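Every chain is numbered from 1, with letters handed out A, B, ... down the list of sequences.
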Amino acid sequence: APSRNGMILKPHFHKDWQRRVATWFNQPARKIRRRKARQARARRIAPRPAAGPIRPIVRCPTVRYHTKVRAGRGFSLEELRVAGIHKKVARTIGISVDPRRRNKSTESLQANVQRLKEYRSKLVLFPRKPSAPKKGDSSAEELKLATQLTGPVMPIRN
Amino acid sequence: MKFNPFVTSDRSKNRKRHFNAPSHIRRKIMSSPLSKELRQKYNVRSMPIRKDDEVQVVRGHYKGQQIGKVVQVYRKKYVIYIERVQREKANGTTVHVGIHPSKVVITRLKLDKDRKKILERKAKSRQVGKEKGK
Amino acid sequence: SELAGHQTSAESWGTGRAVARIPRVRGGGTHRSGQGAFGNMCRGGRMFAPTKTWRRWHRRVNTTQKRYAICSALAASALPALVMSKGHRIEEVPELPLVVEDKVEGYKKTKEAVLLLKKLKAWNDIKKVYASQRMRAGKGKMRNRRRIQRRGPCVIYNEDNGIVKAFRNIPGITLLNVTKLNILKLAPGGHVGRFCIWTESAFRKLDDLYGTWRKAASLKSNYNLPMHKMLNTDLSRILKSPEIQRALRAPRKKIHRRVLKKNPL
RNA sequence: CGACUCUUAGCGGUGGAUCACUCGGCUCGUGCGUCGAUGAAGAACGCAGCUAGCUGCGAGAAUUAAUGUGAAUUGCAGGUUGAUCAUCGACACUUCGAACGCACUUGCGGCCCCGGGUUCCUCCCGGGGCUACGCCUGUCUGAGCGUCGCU
RNA sequence: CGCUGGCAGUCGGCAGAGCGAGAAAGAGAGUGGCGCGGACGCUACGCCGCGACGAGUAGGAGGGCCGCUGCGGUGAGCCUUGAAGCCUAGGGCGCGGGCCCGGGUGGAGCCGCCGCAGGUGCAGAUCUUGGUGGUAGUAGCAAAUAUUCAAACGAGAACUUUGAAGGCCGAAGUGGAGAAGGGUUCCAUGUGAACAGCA
RNA sequence: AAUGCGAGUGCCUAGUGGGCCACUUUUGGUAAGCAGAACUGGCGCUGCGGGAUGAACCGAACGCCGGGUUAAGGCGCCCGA
RNA sequence: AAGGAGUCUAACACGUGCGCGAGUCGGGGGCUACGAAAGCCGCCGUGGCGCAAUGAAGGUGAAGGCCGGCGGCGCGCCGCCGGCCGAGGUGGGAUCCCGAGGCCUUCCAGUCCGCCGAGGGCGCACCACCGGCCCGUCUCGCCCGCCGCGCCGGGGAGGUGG
RNA sequence: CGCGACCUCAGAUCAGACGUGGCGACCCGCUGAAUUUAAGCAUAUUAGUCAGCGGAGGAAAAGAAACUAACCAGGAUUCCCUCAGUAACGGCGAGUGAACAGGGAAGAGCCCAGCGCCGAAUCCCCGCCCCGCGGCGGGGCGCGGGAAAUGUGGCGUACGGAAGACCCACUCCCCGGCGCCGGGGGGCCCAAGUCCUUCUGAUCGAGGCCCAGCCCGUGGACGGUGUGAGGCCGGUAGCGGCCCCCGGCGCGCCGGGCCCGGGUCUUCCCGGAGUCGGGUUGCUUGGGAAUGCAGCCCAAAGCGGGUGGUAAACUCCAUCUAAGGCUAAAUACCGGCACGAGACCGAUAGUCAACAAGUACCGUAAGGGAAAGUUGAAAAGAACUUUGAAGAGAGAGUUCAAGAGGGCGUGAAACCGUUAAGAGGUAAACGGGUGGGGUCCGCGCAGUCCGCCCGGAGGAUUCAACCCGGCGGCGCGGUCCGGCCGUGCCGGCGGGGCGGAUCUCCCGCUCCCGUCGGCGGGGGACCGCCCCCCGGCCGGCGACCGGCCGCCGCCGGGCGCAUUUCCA
Ligand SMILES: [Mg+2]
Ligand SMILES: [Mg+2]
Ligand SMILES: [Mg+2]
Ligand SMILES: [Mg+2]
Ligand SMILES: [Mg+2]
Ligand SMILES: [Mg+2]
Ligand SMILES: [Mg+2]
Ligand SMILES: [Mg+2]
Ligand SMILES: [Mg+2]
Ligand SMILES: [Mg+2]
Ligand SMILES: [Mg+2]
Ligand SMILES: [Mg+2]
Ligand SMILES: [Mg+2]
Ligand SMILES: [Mg+2]
Ligand SMILES: [Mg+2]
Ligand SMILES: [Mg+2]
Ligand SMILES: [Mg+2]
Ligand SMILES: [Mg+2]
Ligand SMILES: [Mg+2]
Ligand SMILES: [Mg+2]
Ligand SMILES: [Mg+2]
Ligand SMILES: [Mg+2]
Ligand SMILES: [Mg+2]
Ligand SMILES: [Mg+2]
Ligand SMILES: [Mg+2]
Ligand SMILES: [Mg+2]
Ligand SMILES: [Mg+2]
Ligand SMILES: [Mg+2]
Ligand SMILES: [Mg+2]
Ligand SMILES: [Mg+2]
Ligand SMILES: [Mg+2]
Ligand SMILES: [Mg+2]
Ligand SMILES: [Mg+2]
Ligand SMILES: [Mg+2]
Ligand SMILES: [Mg+2]
Ligand SMILES: [Mg+2]
Ligand SMILES: [Mg+2]
Ligand SMILES: [Mg+2]
Ligand SMILES: [Mg+2]
Ligand SMILES: [Mg+2]
Ligand SMILES: [Mg+2]
Ligand SMILES: [Mg+2]
Ligand SMILES: [Mg+2]
Ligand SMILES: [Mg+2]
Ligand SMILES: [Mg+2]
Ligand SMILES: [Mg+2]
Ligand SMILES: [Mg+2]
Ligand SMILES: [Mg+2]
Ligand SMILES: [Mg+2]
Ligand SMILES: [Mg+2]
Ligand SMILES: [Mg+2]
Ligand SMILES: [Mg+2]
Ligand SMILES: [Mg+2]
Ligand SMILES: [Mg+2]
Ligand SMILES: [Mg+2]
Ligand SMILES: [Mg+2]
Ligand SMILES: [Mg+2]
Ligand SMILES: [Mg+2]
Ligand SMILES: [Mg+2]
Ligand SMILES: [Mg+2]
Ligand SMILES: [Mg+2]
Ligand SMILES: [Mg+2]
Ligand SMILES: [Mg+2]
Ligand SMILES: [Mg+2]
Ligand SMILES: [Mg+2]
């Protein structure tokens, strides 16, 4: 029976909700597990960055967010083709690639091309054979100063 | 303070593992201190007690300057029977009064091939700790 | 357990049979036969409103109030009467913001810590902790809370070069980093005024963590010290000031008790 | 005064409350996350010097071997080249059970190989190995007035 | 309950001790004609003074230095020179909830204060479980004709055993054998604790 | 105009929603300790003195006490007078 | 004798305490024995709620007044460019401001510090009312704009619904 | 007639393999209610939930768009926050109820069929030789056997691909052994009091341990030991040690494979059918002229098809490529193994089960299902004497204690026995008021002290005042010298850090010819605040003072020799 004044409330507690109750008492336990897995991965890829491959400059759709910019899934094949990077070799040097992306504009395309060029200038590439250097790789003075990057590679700022 | 996450501080768990310990664990549990004459000679503070050890009581009714051979090491009630610590029953038959090994101090060890090795292991591991401190 | 008191199969005998209509255990040649199964009043059975795991155990407190309580607990530790009323034996302590030098962090033996606490005249608090070590009262002894004592002085350090190992075996001594100050250890029991021993590298970062009233905190994003509701709090000196005293009426301190009415007739 | 009855106290019974203990639960969290035709889970029946239950084990039956440890087990007897415990990687593991020769009475077989019997002559007895269903690949033996080719 | 009353003025030899009185306002400043002394107070969430008032079901609110259990602090708390619990024709306090001492019993832990938390207070629910009364040494040990004498064993005999009687079942039996079911109840010896509603 | 009294205002809100009795007015009914209304007071929710007894009648409403005096009733004895 | 019955979670309302304040909140994530705690992040404030309402919706979206010059209507109005003033008023209203005069010691003038006070004011919050503005809708109407001169867009006055 | 192929189909205790069943907390595929709510009830709600059935794994499932969107566009799946109790569904009642965008946790992509080109270039099995040999593999032979042209393998898959030619560029990828180089499991061990007095039945209690403040402490967690132990013992701490086993991370070598790419033109090729889709029926969904699924009927196309949240026609757009397949992680876990912890319960509680508990017992059965902890520190568990047939006693003895005597810690209430006291014909009990008798208490039975003064008997190493030294208080020392602070204020031929939606030499990259314009990036200037040095006042030192000086107070030591002062 309703009281004098109040809301008409519709609580969704008419099923057997007490069977499917999810408690969060293992939340500080899963945070430590995720942190230990993150640090184990970061030690497994020792000079590679801990965040992973570099993500491209991406506009957001759906007019509430069309002014912001974001990290996307991968660089498009048009962007890699203009930058001069083969699509099956880009994933070996930490460039994230997805083939689904299109390039409607020119300004975002050239921005991601410049993004690829500046990452390629910053890439310190170790020889495939450690005892013998190769042609397209870094010299020995840069490998001894090569460290591990923390956080996202070339962070995206509005 | 204990920092090992795999060692328990639970009272019931420690009481359970103590009172349901296997016999070779009860041997290490039922250890006795050495006298100060043997301590300076062997550099060993305590040893597990054996059957043929001469030992001296320091606590209870039977404490004094008397030294007795262990009659037996009855590890089921966590206790030893020593040579002259005994009690007359009603009928006149004497039975051994049990003393805990922690309330009794060894004045003479029974030296076997293994118990020399135990003293040497304890002495080496004490001198490694002394060298680590120094 | 949610199955407690409900693992039985039982149905009420109903009216008739001169029994009180409670559910009863089905059949059998045993003691548990028509014996009363469900309900809070019955032996065995299920309790009234069984406790559930999804009770709100945790509370969240606003960050500004947590910092405000940290500031109030820290400012109360530099006052004499408030640390005396916490019971800490500090009658021979030379200064109440007890600040020591930075070689204290390089201590690695507890003998150095004990000797430092004796030279700072703080060892009488550890003696009071030793005198206050006793057994607990009640059911906490069989729930791994058998021995209780008194919280002693708190030692605050900037960097750890062995000071936690040097001090951690002394009963009552707790160690807190400057950047990780805990209200639960700065004011144990909810009462302000715990005795604190600082180092100078510890003492020179409080103006960086909290700021003054004109310079904001540099290690926090945007935190200032809270404002005072009342600047001069010594209302005795406020009240017997000539500014206030001239603008008062005369005090009417004469007691006029009741008059016994005599009959004039 | 006495019997009986009522009240209170002392002491004694009946009863097992209260309190103090706790090798037990409940809840939360972590790591691992592994059964079976090479016979699982479950069940039955046995096994100890004196042994009913519980526990452990399987005719090698409160255990064998190996390794670690190092002088006991124990309620009573009996007897360091390693007693007892723990680990367990070797060996062993009765009957029913998906349960497997046919059935479920603990009944009836069939084939092969051995030992007594006999002196390969089949009987009889004892022992051992095979003998379930479905299905995959291959083999062997076949069927068809199925489609043909040739004598 | 109201006076949304009064008291920071304990203003002391750096002193002058007051604001109850019918009549808005200052015991105001300047400018010219010896003896070293003086109770209590004020946990201001405290203390003090005047009046008026006091019923209570359902119900609502406030205060509990009322009570139980556990946690964070705190009593340089209590304790084998005796804790908890229990008993008491003992001494008391509080309107009350309740509490503190004395004696005895007992043998190992317990409490006060400031906060926190709850599975936190019983006279009832034909409440649950366990225990015990009156009834009450009462109802009752009454279906199927019946027992008696002597002896033995034994601490003990109406009931056991043996003998002598008197009886019954009276061949569709109170006889002699099986099936189902039972599972050692069969047989020998010993016991008389418990059972065989007397023994 | 007299008399008397400090008022005004806003939220949240339990319980209740079977009633009954009496003077007067009054409907149906032969009538009812019957059924149904109006007004006010009670009982319910409330003890106390009296009506011997007593939900409602008369008096009077209640913190724990001492002294005095009354109300409604009473003052042969029970039983104060 | 013992056990024994308004509990826990979620949602909402109102009151109360705290912190910050047109903002506030890390609850999710990440960094770095008690501690599964505490601390920190600010280009982790995404996001929630509040700061703007109204209409079914397309949509729209919260003072004006005076003066000078110009154009039109026949001294006022409308439209058009420049200047200045500017967030309403009436009544009640705690508090606060001024002060005619006065608060004694022998007697008058006589400055400063206070205290009271006739009368007069600025008026907090809040209430009643009258106006004003925003959105929907109705009625009466005359005008202004240009890139598309139009079944275009924008405005005025008077009621009324939120 | 016979013989030989192929097809289709049989039988074998043929040779070699595989499946069955269990558990099932979490997962996948079906099937599937009614209690209940709607204050009735039938649609709805309960709820795609309980029950039923099948199938797995350490996770499962899902998963690299026939997608979201309508934007300046994003870009596999799974999970968290928010969207959101919203759009929407609903006797539009009760109630039900998503998705996108955004922020994160994690992040990984791929392979066929077709279409084509390569001498079937491919795969399986048996015999022998040597090696590996405890997850049955490697090379070498076999005029050995099969599978496969009704299509195996290599290239190749929607992100395009293939082939030829032109150019540029590759000499190092994978696995298996041999042997060598620095996390997990197990075993053993490592500090310091039984030091002196003292309580006890026993101490782990209490007191002390000098100037190494008893000793150790990277060890003061816990447990045991005759109460309550850092130092008696096991342990605990420690990037502590020693000894085995397994695995990972690497190097050298042998036997093998693989004999490889990128770019611009040119010529070719390119897709999954009783499936999409349509009608209808039934279930389902928030999905509403039909969200998904399924039965029946109809039944495709290739500038095609699907989607574009209102049915339909026309016309543009946008976006994917269905009808084939694989894939870790973040996520779930009341079952199992092994652990740790607790503001939980403390034997009528907590699991039914602290104990010979799914046991005893009941029911033909499916099933139902208890009760039940405590001697003592140590059995030292009561020898022996005596009565009785014995159970039972009486002595004696043990123990600190039998007032702990084998269901024995503490031992309440109800109920009963006895002793003592009091009482008794209106059942008992009760409230108020006294009285009497008891039991104990007041450790009652000559009755309170305190201050001042006077009087009388005494006794001190004694008063005031002065001297010296120390300490404290106050000081408008009108304004003494020196410091410190200021949620104080101004200045500067001052040095610096944060912030700004105040402005502007080199540098990356970009359009047009080393020239010439926009934009990503460090200075540099400006402004605000703060910090540190300088001068000035102001104000404080009562949350925050030092030295001299002055006054006062107190202490200690002198001097005071007693008409002072004090003591009983
Ligand atoms: Mg209501
Ligand atoms: Mg229960
Ligand atoms: Mg208690
Ligand atoms: Mg009695
Ligand atoms: Mg047996
Ligand atoms: Mg062996
Ligand atoms: Mg061995
Ligand atoms: Mg048969
Ligand atoms: Mg009242
Ligand atoms: Mg009593
Ligand atoms: Mg509780
Ligand atoms: Mg009761
Ligand atoms: Mg009778
Ligand atoms: Mg017979
Ligand atoms: Mg017969
Ligand atoms: Mg009998
Ligand atoms: Mg009536
Ligand atoms: Mg009333
Ligand atoms: Mg009345
Ligand atoms: Mg009458
Ligand atoms: Mg009276
Ligand atoms: Mg009368
Ligand atoms: Mg109770
Ligand atoms: Mg509020
Ligand atoms: Mg075969
Ligand atoms: Mg279905
Ligand atoms: Mg209904
Ligand atoms: Mg109903
Ligand atoms: Mg119904
Ligand atoms: Mg199910
Ligand atoms: Mg299966
Ligand atoms: Mg498995
Ligand atoms: Mg999978
Ligand atoms: Mg998505
Ligand atoms: Mg919302
Ligand atoms: Mg309707
Ligand atoms: Mg639904
Ligand atoms: Mg999304
Ligand atoms: Mg991320
Ligand atoms: Mg092919
Ligand atoms: Mg694709
Ligand atoms: Mg102990
Ligand atoms: Mg001591
Ligand atoms: Mg200890
Ligand atoms: Mg000590
Ligand atoms: Mg030790
Ligand atoms: Mg040790
Ligand atoms: Mg260790
Ligand atoms: Mg389909
Ligand atoms: Mg259905
Ligand atoms: Mg439905
Ligand atoms: Mg369209
Ligand atoms: Mg449409
Ligand atoms: Mg596909
Ligand atoms: Mg697919
Ligand atoms: Mg798949
Ligand atoms: Mg923990
Ligand atoms: Mg139980
Ligand atoms: Mg109990
Ligand atoms: Mg007991
Ligand atoms: Mg005793
Ligand atoms: Mg006892
Ligand atoms: Mg005890
Ligand atoms: Mg007892
Ligand atoms: Mg009597």
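Between A/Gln27 and G/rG29 there is a side-chain polar atom (N or O) within less than 4.0 angstrom of OP1 or OP2. The phosphate of E/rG73 has OP1 or OP2 within less than 4.0 Å of a side-chain N or O from C/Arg151. For D/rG70, neither phosphate oxygen OP1 nor OP2 lies less than 4.0 angstrom from any side-chain nitrogen or oxygen of B/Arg50. Regarding contacts with the backbone of H/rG234, every side-chain N or O of B/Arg27 stays at 4.0 angstrom or more from both OP1 and OP2. Between A/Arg33 and D/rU30, a side-chain N or O to OP1/OP2 separation shorter than 4.0 Å is present.
The partner of D/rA66 is D/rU87, judged by Watson-Crick or G-U wobble contacts that both fall below 3.5 Å. Checking F/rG47 for Watson-Crick or G-U wobble geometry (two distances, each under 3.5 Å) identifies no partner in any strand.
Its glycosidic angle being within 90° of 0, H/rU487 falls on the syn side.
Aromatic stacking is not marked for B/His24 over D/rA86, as the cut-offs of 5.5 Å for the centres and 30° for the planes do not both hold.
Looking at residues 17-32 of chain C, you'll see that no heavy atom sits under 4.0 Å from any atom of RNA chain G.
Between the side chain of C/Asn144 and the backbone N or O of B/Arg11, at least one donor-acceptor pair lies under 3.5 Å.
Looking at heavy-atom distances under 4.0 Å, A/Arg157 makes contact with a base.
Atom NZ of B/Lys122 and atom P of H/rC190 are 3 Å apart (whole Å). Summarising the geometry, the separation between CZ on B/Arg45 and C1' on H/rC233 is reported as 10 Å, rounded to the nearest angstrom.
Ionic pairing of B/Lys117 and B/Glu120 is not present here: no N-O contact between side-chain nitrogen and carboxylate oxygen is shorter than 4.0 angstrom.
Using P as the reference atom, H/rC115 and D/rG144 are 41 Å apart when rounded to the nearest Å.
If you check H/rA392 against H/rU35, you find neither a Watson-Crick nor a G-U wobble pair with both contacts below 3.5 Å.
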